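A.B. asks: Okay, handing you the structure first.
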Amino acid sequence: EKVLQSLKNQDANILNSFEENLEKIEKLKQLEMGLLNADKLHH
Amino acid sequence: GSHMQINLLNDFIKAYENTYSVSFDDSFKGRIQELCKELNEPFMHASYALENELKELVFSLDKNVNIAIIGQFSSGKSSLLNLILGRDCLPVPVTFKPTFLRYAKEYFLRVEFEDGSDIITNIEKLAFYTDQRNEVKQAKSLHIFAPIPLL
Amino acid sequence: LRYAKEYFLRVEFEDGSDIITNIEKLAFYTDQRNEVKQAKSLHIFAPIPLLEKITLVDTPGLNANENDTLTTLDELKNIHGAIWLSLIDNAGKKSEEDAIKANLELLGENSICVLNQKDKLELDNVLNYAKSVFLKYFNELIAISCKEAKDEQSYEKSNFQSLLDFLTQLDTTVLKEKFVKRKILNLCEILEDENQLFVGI
Amino acid sequence: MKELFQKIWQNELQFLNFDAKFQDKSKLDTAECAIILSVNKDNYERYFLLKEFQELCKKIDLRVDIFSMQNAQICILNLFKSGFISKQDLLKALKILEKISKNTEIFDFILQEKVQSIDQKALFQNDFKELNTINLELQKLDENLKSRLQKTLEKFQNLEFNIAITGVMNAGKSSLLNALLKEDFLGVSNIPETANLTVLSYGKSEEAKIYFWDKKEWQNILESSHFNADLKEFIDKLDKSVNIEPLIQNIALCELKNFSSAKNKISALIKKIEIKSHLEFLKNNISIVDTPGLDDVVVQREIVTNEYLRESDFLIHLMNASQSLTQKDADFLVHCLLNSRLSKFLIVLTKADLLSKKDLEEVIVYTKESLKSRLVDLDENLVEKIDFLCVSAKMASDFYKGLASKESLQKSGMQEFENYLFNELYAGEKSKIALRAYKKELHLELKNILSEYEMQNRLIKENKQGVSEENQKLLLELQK
Ligand SMILES: Nc1nc2c(ncn2[C@@H]2O[C@H](COP(=O)(O)OP(=O)(O)O)[C@@H](O)[C@H]2O)c(=O)[nH]1
Ligand SMILES: Nc1nc2c(ncn2[C@@H]2O[C@H](COP(=O)(O)OP(=O)(O)O)[C@@H](O)[C@H]2O)c(=O)[nH]1
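Chains as they are written, first to last, in the entry's author numbering: chain A, 690 to 732; chain B, -2 to 88, 92 to 151; chain C, 101 to 221, 225 to 304; chain D, 1 to 141, 144 to 247, 254 to 488.
Okay, structure coming up:
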């Protein structure tokens, strides 16, 4: 149980890092749709 | 490229012009038939088989005149064909591949099979390819090549 | 190139007629004229083993054309395999264009890559074969090179019997069967496309 | 426009919704739009059976059915109205196509229709600052990627539009350049002798960097003097004033204040003058290249065609209103038309005064017929590559400070020519190509960032799997 608790403590910071990465991925996804719209406007 | 736009337009113009607007080698029958067949085919929505038939009729003007020998129950047509060939081939009827007498510089036979393949072979073998077998490629047609004028 | 017991050429014309003739005239029927029957195809008949059931078809030169391959495919069909002939140059351009060419369509599961003309040059050749190995696994069995015979007394280190041996050792039936399976799958795919379009409407 | 569609699809017209169903707005270019418009109910079967038309429609994602053809025509016409994609160049293309399709009705409708607001440069600035914002966001979230993004932004910020301008000498180019800049610069007085190239650029320093011939360029000029027999005379007149004592390798004079001693026959030794001036026109990151017409053939023409064949992103050619086609000018325009790289250069009929309006149009028609006569094939339609304007520089220059303070700025054409040049900074192909390149760069840097950031998540997942495996091994050890 102790090893699991230590892994949970580390998996708090690890969870925060994973959530940040997920938000970065969502922002990049938004960016690609925006870029496609910008391309569409051109002619 | 706007120059490329103009070039694209010009290419379209040339292609339409070549497909629908051209008069043939007229002043002679050979291509008056082509003009008539073109008349028959712009919108008058033709059947693909009609289209092919017209194409073949157009070709027929450039081609071997096909003349056929019509024999009776057994009227000796095979011996007549042999005489025409000079050499002889099977003078009893158990029957029939369609057979052709064309011209060459040597005596050989060309056996076109049903599966699409053909073979060029010796004229002596003609009889074997006339008479049926059980499980070898059945010949679709037989093409005797012989060095006879009139062929 | 098909098999016979003697040397022939069979010139199939555009108008449908053909002529069977002596092979010496081949050049004459290759070179076009203005209004002589334009040849539709040329059929060399020769008494060579390996023309028994594995006949050869000559293809055009690849004149640096990206859309050449699809047009060629549309022109001419069922091909079970091929022999890709190339000079010493094996640059990236040849690799990429070979990939778009073969693309499982025309050459590969078993088909051969052949470097020509060893004679004008080894360590260099060794390096080139290694390059071909990891580069050209598109084609299946080993990449190969050579060519000299016929007024060579040796008749060999032309590896020519290696190419010949491969051509002999092909399991023709497997090739035919796999090709047929592929084509039937293609047709099924097309039919499904059409059906789903209707369903969507 | 239901009446128009009834006119052109009399009985095969279908039930259709008159609005642009268009999905991309760049789906097809203007020549392809013109082709689609020329699928009038009398040619439609032939077009549908034509292989090249089928290839075109497969490129555009169209069918060959009648309904979809008519729907596409609708959408094209609504884009012509609203998004205003087509100029009179669409009408040009339909006139070109009238070889095949005598489509008069659609031509007339396109002619007589209130067009729309145009709004080009504002849209350009909006899209470009959109892309700048996207680049900034990418920079926020790696150091190599951020440096790459910064370099890309530096490249696409304030970048190099080069205008070459040319013409024969008496026709007059320096005076037109003065009027465009709205003050004076080198030369307003006609002189039979001449030449050196002049590059008007923008910069904080106000240099006038000068370049003379090399030893070898001068040797070539003296070689050609043997053949020209007017250059030989001029070279004999020049060598009396021996300024040779203009030599082997590098001549870079850095500054001058409008010294007119070079007009005393020394400019023949100069080839290239590189100016860095302060004019708001050039403050928009423009650079102009003035070019000689006929003098000092040997290498001044070679350097002219170097400067023009180099960067120059546009070509303006000038002819005076009453020149009889100026055979050298005509040969140059022919060379322009055959060059497939040129892509719709421009013509200005300079000195729009001194000639009655509606007679200027006849002059332009004569010019175009001559150019067509030099190109006998469908090649003729290449003359529709040229745009024609009719500007007079004297009236515009007068309005600023001179005699005609009463309004000659309009009724001259300088304002419209200026509008045209500014429009070529979105409407011109170069600006759109640069925007496309910037978009591709942003997509590729985005792809790199995705590759960078997904791997961290993958590594975290692998670490979690390893931790789970270690826990399972510990449980197995406890059971043992
Ligand atoms: N006595 C005689 N026999 C003939 C004549 N014409 C054909 N024959 C014979 O008729 C037999 C059959 O000939 P064949 O060529 O097979 O007739 P086919 O079946 O119609 O082609 C052969 O034995 C010939 O010799 C003839 O004019 N007189
Ligand atoms: N009416 C009129 N005359 C002009 C105009 N521009 C130039 N000129 C005259 O045309 C001649 C040639 O002009 P110039 O400045 O020398 O151009 P350049 O020969 O290319 O250097 C000069 O005599 C000018 O006075 C103009 O806009 N209107």
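Cβ atoms here follow ideal geometry from the backbone N, Cα and C, with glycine treated the same way.
Label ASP304/D either buried or exposed according to how many other C-beta atoms from any shown protein chain fall within 10 Å of its C-beta, with 16 as the threshold for buried.
C.D. replies: It is buried - the Cβ of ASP304/D has at least 16 other Cβ atoms within 10 Å.
A.B. asks: Taking only the alpha-carbon atoms, compute the straight-line gap between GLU251/C and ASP219/C and give it to the nearest angstrom.
C.D. replies: Their backbone Cα atoms lie some 8 Å apart in a straight line.
A.B. asks: Return the chain-ordered list of same chain residues with a C-beta closer than 6 Å to the C-beta of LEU58/B, the five sequence neighbours on each side being excluded.
C.D. replies: Taken in chain order, the residues that qualify are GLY27.
A.B. asks: Name the two residues that bound the continuous beta strand (DSSP E) containing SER186/C.
C.D. replies: Taken as a continuous stretch (DSSP letters only), the beta strand (DSSP E) holding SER186/C covers 183 to 186.
A.B. asks: Just checking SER176/D against ligand 2 - is the residue's beta carbon closer than 7 Å to any of the ligand's heavy atoms?
C.D. replies: Yes.
A.B. asks: May I ask you to report which of helix, strand or coil DSSP gives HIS143/C?
C.D. replies: Correct three-state label for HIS143/C: strand.
A.B. asks: Does the beta carbon of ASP22/B fall short of 7 Å from some heavy atom of ligand 2?
C.D. replies: Checking the Cβ of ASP22/B against ligand 2 gives no.
A.B. asks: So, for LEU390/D: in the same chain, excluding its five sequence neighbours on each side, which residues have a beta-carbon less than 7 Å away from its beta-carbon?
C.D. replies: Cβ neighbours of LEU390/D beyond the five flanking positions: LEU345 and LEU383.
A.B. asks: Could you spell out the range, first to last residue, of the alpha helix (DSSP H) harbouring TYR17/B?
C.D. replies: Note, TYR17/B: alpha helix (DSSP H), -1 to 17.
A.B. asks: CB-CB under 7 Å to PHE241/C, same chain, minus the five flanking residues each way: which ones, in chain order?
C.D. replies: If we look at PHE241/C and ignore the five residues flanking it on each side, its Cβ neighbours are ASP198, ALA199, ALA202 and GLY208.
A.B. asks: Any chance the CB of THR169/C is under 7 Å from a heavy atom of ligand 2?
C.D. replies: It does not: the Cβ of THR169/C is nowhere closer than 7 Å to a heavy atom of ligand 2.
A.B. asks: Is the closest heavy atom of ligand 2 to the C-beta of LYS402/D under 7 Å?
C.D. replies: Yes.
A.B. asks: Going by the beta-carbon positions, is the gap between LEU215/C and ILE179/C smaller than 8 Å?
C.D. replies: No, these two residues do not count as a Cβ contact at 8 Å.
A.B. asks: In chain B, which residues lie less than 8 Å from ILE120/C when you measure between Cβ atoms?
C.D. replies: The contacting residues are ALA104, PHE108, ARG110, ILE120 and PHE145.
A.B. asks: So, using beta-carbon positions, are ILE35/D and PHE9/B closer together than 8 Å?
C.D. replies: Going by C-beta atoms, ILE35/D is nearer than 8 Å to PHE9/B.
A.B. asks: For ligand 1, list every residue whose C-beta falls under 6 Å from any of its heavy atoms, going in chain order.
C.D. replies: Counting every residue whose Cβ lies closer than 6 Å to a heavy atom of ligand 1, we get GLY68/B, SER71/B, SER72/B, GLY73/B, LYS74/B, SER75/B, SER76/B, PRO88/B, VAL92/B and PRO93/B.
A.B. asks: Closer than 7 Å: is that where the CB of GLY421/D sits relative to any heavy atom of ligand 2?
C.D. replies: Checking every heavy atom of ligand 2 against the Cβ of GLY421/D, none is found closer than 7 Å.
A.B. asks: Is there at least one Cβ from chain D nearer than 8 Å to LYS713/A's Cβ?
C.D. replies: Output row for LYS713/A: interface = yes.
A.B. asks: Going by beta carbon distance, what residues of the same chain come within less than 7 Å of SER420/D, once the five residues before and after it are set aside?
C.D. replies: Around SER420/D: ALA360, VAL399, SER400, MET403 and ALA404.
A.B. asks: Using 8 Å for Cβ pairs, my map puts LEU142/C next to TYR129/C. What's the rounded Cβ distance?
C.D. replies: With 8 Å as the limit, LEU142/C and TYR129/C qualify as a contact, their Cβ atoms being about 6 Å apart.
A.B. asks: Can you tell me whether DSSP reads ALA72/D as helix, strand or coil?
C.D. replies: Reduced to three states, the DSSP call for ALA72/D is helix.
A.B. asks: For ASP85/B, return the contacting residues in chain C, with the cut-off set at a CB-CB distance below 9 Å.
C.D. replies: In chain order: nothing, as chain C lies at least about 21 Å away.
A.B. asks: Assuming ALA93/D contacts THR30/D (C-beta within less than 8 Å), just tell me the rounded distance between them.
C.D. replies: About 6 Å; that satisfies the 8 Å criterion.
A.B. asks: Looking at the secondary structure, which residues open and close the beta strand (DSSP E) in which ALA210/D lies?
C.D. replies: 210 to 214 is the span of the beta strand (DSSP E), which, as asked, contains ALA210/D.
A.B. asks: For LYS11/B, return the contacting residues in chain D, with the cut-off set at a CB-CB distance below 8 Å.
C.D. replies: Result: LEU386.
A.B. asks: Less than 8 Å separating the beta-carbons of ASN293/D and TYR204/D?
C.D. replies: It is a contact, given that the beta carbons lie within the stated cut-off.
A.B. asks: Could you work out which residues of chain A lie near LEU443/D, taking near to mean beta carbons separated by less than 7 Å?
C.D. replies: Near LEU443/D (Cβ distances below 7 Å), the residues of chain A are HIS731.
A.B. asks: What residues in its chain sit with their C-beta under 8 Å from that of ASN190/C, if we drop five residues either side in the sequence?
C.D. replies: So the qualifying residues of the chain are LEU215, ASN231, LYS234, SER235, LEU238 and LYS239.
A.B. asks: Can you tell me whether DSSP reads residue 90/B as helix, strand or coil?
C.D. replies: For residue 90/B, no position is available: the coordinates of chain B end at 88 and pick up again at 92.
A.B. asks: Starting from the beta carbon of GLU449/D, find every residue of chain A whose beta carbon is closer than 9 Å, and list them in chain order.
C.D. replies: Near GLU449/D there are no residues of chain A at all, since even the closest Cβ is about 11 Å away, more than 9 Å.
A.B. asks: Would you please verify whether the beta carbon of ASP115/C is less than 8 Å from any beta carbon of chain B?
C.D. replies: For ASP115/C, the answer is yes, since a Cβ of chain B falls inside 8 Å of its Cβ.
A.B. asks: What residues in the stretch 14 to 48 of chain B have a beta carbon less than 8 Å from any beta carbon of chain D?
C.D. replies: Flagged, chain order: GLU14, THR16, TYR17, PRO39 and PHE40.
A.B. asks: Any Cβ of chain C within less than 8 Å of the Cβ of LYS60/B?
C.D. replies: So, interface residue.
A.B. asks: Give a yes or no on whether 8 Å exceeds the smallest Cβ distance from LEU131/D to chain A.
C.D. replies: Chain A contact via Cβ: present.
A.B. asks: Quick one: does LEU6/B have its CB under 8 Å from some CB of chain D?
C.D. replies: True, the Cβ-Cβ gap to chain D drops below 8 Å.
A.B. asks: For ligand 2, any of its heavy atoms closer than 7 Å to the Cβ of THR358/D?
C.D. replies: Correct: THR358/D has its Cβ closer than 7 Å to ligand 2.
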